[PDB]
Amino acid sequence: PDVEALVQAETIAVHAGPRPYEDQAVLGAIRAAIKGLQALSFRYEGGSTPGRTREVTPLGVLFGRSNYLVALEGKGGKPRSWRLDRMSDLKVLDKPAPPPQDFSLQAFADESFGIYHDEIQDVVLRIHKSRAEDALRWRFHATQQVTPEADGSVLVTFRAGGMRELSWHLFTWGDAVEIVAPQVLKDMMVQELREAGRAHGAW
């Protein structure tokens, strides 16, 4: 697999700065369930039925600042991401739960910057010349294409879901990023900026 995932799974790498409290016992239960080809049950403090017990076929773990279990809930259910920081009362069931042989975990991981895989967006950004070199060493997405423009800017294009999380990241680029598309990313960014600007007394 990706070495970036490997070193985090092995606790050789940590994400600096604020992040969820996460219990290594939860990861151990998931790994044991996957290794044994067994079903996994847990209490999920999220979604419509908070505190309810869910039984899933676990498929893998997505590693990042927050970690996610990818799993199918019930025959006919789709691959879905569950945040590890909302999972408790893990039980490795004494029941076989074979995964599909077509599913690509790393393909699934790249569909979205967030929890939901609903609408993939065609994202187009323009990074101003002052940050252009940084942009050339920056991994926005696995699918990205970077194009130098005539004035020293770089265009960055990629396809992904998860616009809220992406707009949080774009804040870190300051005034050096222009959002070219999609409109929903512009509107999300502007609404978040107005909310936070009012709250902090920026204007």
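The first residue of the sequence shown is number 1, and the count goes up from there.
| task | State which stretch shows the higher mean Cα B factor in the entry: 143-151 or 163-171. | result | Looking at the record's C-alpha B-factors, the answer is 143-151.
| request: Higher average CA B factor in the deposited record is what I'm after, so tell me if that's 76-84 or 109-117. | output: It is 76-84 that shows the higher mean C-alpha B-factor.
| task | State the tercile, meaning the lowest, middle or highest third, of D134 with respect to the CA B-factors recorded for its chain. | result | Its C-alpha B-factor belongs to the middle third of this chain's values.
| Within-chain third of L37 by Cα B-factor, per the entry | According to the entry, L37 has a C-alpha B-factor in the chain's highest third.
| field | Chain-wide C-alpha B factor ranking for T157, given as lowest, middle or highest third | value | Its C-alpha B-factor belongs to the lowest third of this chain's values.
| query | Lowest, middle or highest third: where is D23 by Cα B-factor in its chain? | reply | Highest third.
| task | Divide the modelled residues of the chain into thirds by Cα B-factor and specify which third, lowest, middle or highest, holds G201. | result | As the PDB entry reports it, the C-alpha B-factor of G201 lands in the middle third of its chain.
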